[PDB]
Amino acid sequence: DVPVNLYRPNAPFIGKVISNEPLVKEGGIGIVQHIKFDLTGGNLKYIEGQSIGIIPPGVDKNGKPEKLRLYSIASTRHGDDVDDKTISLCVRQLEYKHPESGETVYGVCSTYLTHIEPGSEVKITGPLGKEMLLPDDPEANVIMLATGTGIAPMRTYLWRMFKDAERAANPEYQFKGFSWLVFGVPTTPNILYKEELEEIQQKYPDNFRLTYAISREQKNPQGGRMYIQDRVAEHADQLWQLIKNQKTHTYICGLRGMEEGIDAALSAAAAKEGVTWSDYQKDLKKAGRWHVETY
Ligand SMILES: Cc1cc2nc3c(=O)[nH]c(=O)nc-3n(C[C@H](O)[C@H](O)[C@H](O)COP(=O)(O)OP(=O)(O)OC[C@H]3O[C@@H](n4cnc5c(N)ncnc54)[C@H](O)[C@@H]3O)c2cc1C
């Protein structure tokens with residue numbers, strides 16, 4: 001079933017940008033864009049939780065052509081308009097410090113993508129990944145632990161679960177389990193897809209819980225800035241009791257670094273019932289119910 005590598009770097013699909021929209025509001029930190037591509041012309045199909053490659057134009061500092069960068073698909077299999085004609089991405093412009101030898105450094109593929117014009121042609125590969133896939137069971141529980149652009153696989157899950165047009169298009173997937181997003185960003189303007197996320201929770205208060213960790217607006221109990229791991233610690237017992245369900249899947253996605261705090265919190269919960277989390281977790285991985293994509 002799972003489509004993989006319908007296009008490869010040696011002969012990528014040439015898509016066209018339909019749209020490029022700002023996801024970070026005024027007063028937020030950084031630039032994250034929602035970019036939709038036209039898939040007509042070829043046969044790139046994909047499902048939720050997968051990634052695609054984008055090959056940027058240009059050569060590196062060595063004169064060699066730039067390679068593909070991997071990006072979590074931010075749309076469901078059907079695309080944002082539920083026509084099966086497009087695919088979307090959620091791209092943060094990488095930028096950073098003086099210790100890089102220059103000044104402020106801007107990432108090649110991410111600057112290219114966040115500044116790209118509708119009408120522009122992009123080299124696209126994939127889809128890739130069997131690690132962040134959603135169970136076909138409509139009564140599965142789905143815990144989603146996301147920071148920043150790690151919201152992208154979560155968006156594909158939630159849109160498939162809860163969008164009116166998605167439910168109408170997917171007769172076999174009528175989600176009636178429980179899902180819980182814990183989403184961590186620096187500010188409220190940085191809550192990507194905030195409006196749609198909150199409308200899902202208003203529409204399905206019993207099937208979807210939304211929790212934010214906003215570091216510039218909230219403090220954890222020890223006085224530090226609030227991060228996703230603090231929220232997982234706060235709800236460690238609850239999250240552990242859902243994780244004990246044979247049908248619960250947990251997904252972690254975002255830049256690398258949150259996993260160590262998530263594990264310490266869940267470890268302390270499981271220890272209360274004589275269970276060593278790290279061992280339970282290894283069994284969850286083998287079972288295909290512990291999903292991780294950090295980068
Ligand atoms: C499976 C997967 C999925 C991904 N999904 C997404 C996504 O949905 N959205 C998204 O925005 N990104 C995503 N990324 C990351 C994305 O692929 C690119 O790595 C990222 O966009 C930066 O690429 P670039 O071309 O902009 O940067 P480059 O020009 O390749 O710059 C990156 C390099 O500069 C260095 N560097 C980076 N940050 C720092 C820092 N703080 N300090 C010092 N040196 C640094 C490192 O050498 C790094 O290799 C994903 C990565 C993977 C592996």
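Whatever order the structure lists ligands and atoms in, that order sets their numbers, starting from 1. Numbering of residues begins at 1 and proceeds along the displayed sequence.
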Within the 4.0 Å heavy-atom shell around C109, which atoms of ligand 1 are there? 24 (P), 25 (O), 26 (O)
Select the closest option to atom 28 (P) of ligand 1 among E66, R69, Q50, judged by heavy-atom distance. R69
Under-4.0 Å heavy-atom contact with ligand 1, by part of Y295 that carries it: side chain
If you scan the protein for heavy atoms around atom 49 (O) of ligand 1, do you find one that is closer than 4.0 Å? no
Considering only heavy atoms of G107, which atoms of ligand 1 have at least one such atom less than 4.0 Å away? 24 (P), 26 (O), 27 (O), 29 (O)
So, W159 versus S75: side-chain donor-acceptor pair below 3.5 Å or not? no
Quick check on atom 10 (C) of ligand 1 - does any protein heavy atom sit closer than 4.0 Å to it? yes
Under-4.0 Å protein heavy-atom contact, atom 6 (C) of ligand 1: yes
Tell me yes or no: between the side chains of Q281 and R289, is some donor less than 3.5 Å from an acceptor? no
Looking at atom 37 (C) of ligand 1, what's its closest protein heavy atom, distance included? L94 CD2, 3.6 Å
Under a 4.0 angstrom heavy-atom cut-off, which atoms of ligand 1 come close to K97? 42 (N), 43 (C)
The option among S51, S110, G148, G53 carrying the non-hydrogen atom nearest to atom 26 (O) of ligand 1 is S110
